[PDB]
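Here we start with a single chain on its own, the form whose entry title says "open state", put down as structure tokens.
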């Protein structure tokens, strides 16, 4: 019989009336293109740019009655991408591309196969740099929702409808791990149908819920902001009434508390609102600034001066050091309980 590439030329080229510029079922019902993606790679989720890079296999299935052969004995004719400009393909695009490219190493990484009844599978490999608005109200404990939406660009709703297939519309690779996030298994699949002044265009989208790994910030952000507060509590014991060294422990633990406060937001977007790591680095700034402010209460009370008025100020310069030495591990411990319960509920 015929070879497939010679048989598929006479099914399409110039003699069968197949025109690649005209959609299937023309002047009839719209073409129902069904889609599913396979995420090979994921990540490099930046926050200065608020974008993330993904590497997908975009599979598109539709029906084309002009490609429905009947007499050839096989069940699926492939088509290499040299002759891929000879069929109709849906004009899918991503509504938040922000730059994207194909992969064309050793061959155009494109797949096409045509069944007997006309079902056309079309799988391409794309690298996307998708845009998602980061919501950083509770920054080390947030759950980001970064989406990707697949629209049509030229055909309206009465000509081309996108659908997610019911048999697992988003597959993820086997050992896909992210360095900072984890990809949750439940992925929302909903519609995003756009209305312009040109017309109404089809749109489908998949949500990805990206929960952070808190274990990094619990090593660099929280514990070196915890030990500086303990280091400011050393000043309550040194020389117990007055020294030129309690000031040096009161000055210096505000410096590296302030430097770490600016260092906690070194590679973050300049958001207007206050976030979760800001109400930690400003309350633990308050517990290390009140320690030097506590000595200024001591060295002003104890530097006041008959026979009765001698010990009456030392009795006010030891009660200020046996209460402010125990009440600060009560106020800081009741803040540390109210903080983490709030961000466990939210």
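In this text, rigid core is short for the largest set of C-alphas that superpose within 1.5 Å between two forms. Residue numbers count along the first chain shown, from 1.
Although not depicted, the form whose entry title says "closed state" is the subject of the following passage.
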- Message: Given a cut-off of 2 Å on Cα movement between the shown form and the other one, rigid core as reference, pick the single residue from 256, 145, 156, 193 that exceeds or meets it.
- Response: 256
- Item | C-alpha of residue 321 off by 2 Å or more between the shown form and the other one on rigid core | yes
- Spell out whether the Cα of residue 133 moves at least 2 Å between the shown form and the other one when the two forms are superposed on their rigid core. no
- Message: Quick check on residue 331: with the core superposed, does its CA move 2 angstroms or more between the shown form and the other one?
- Response: yes
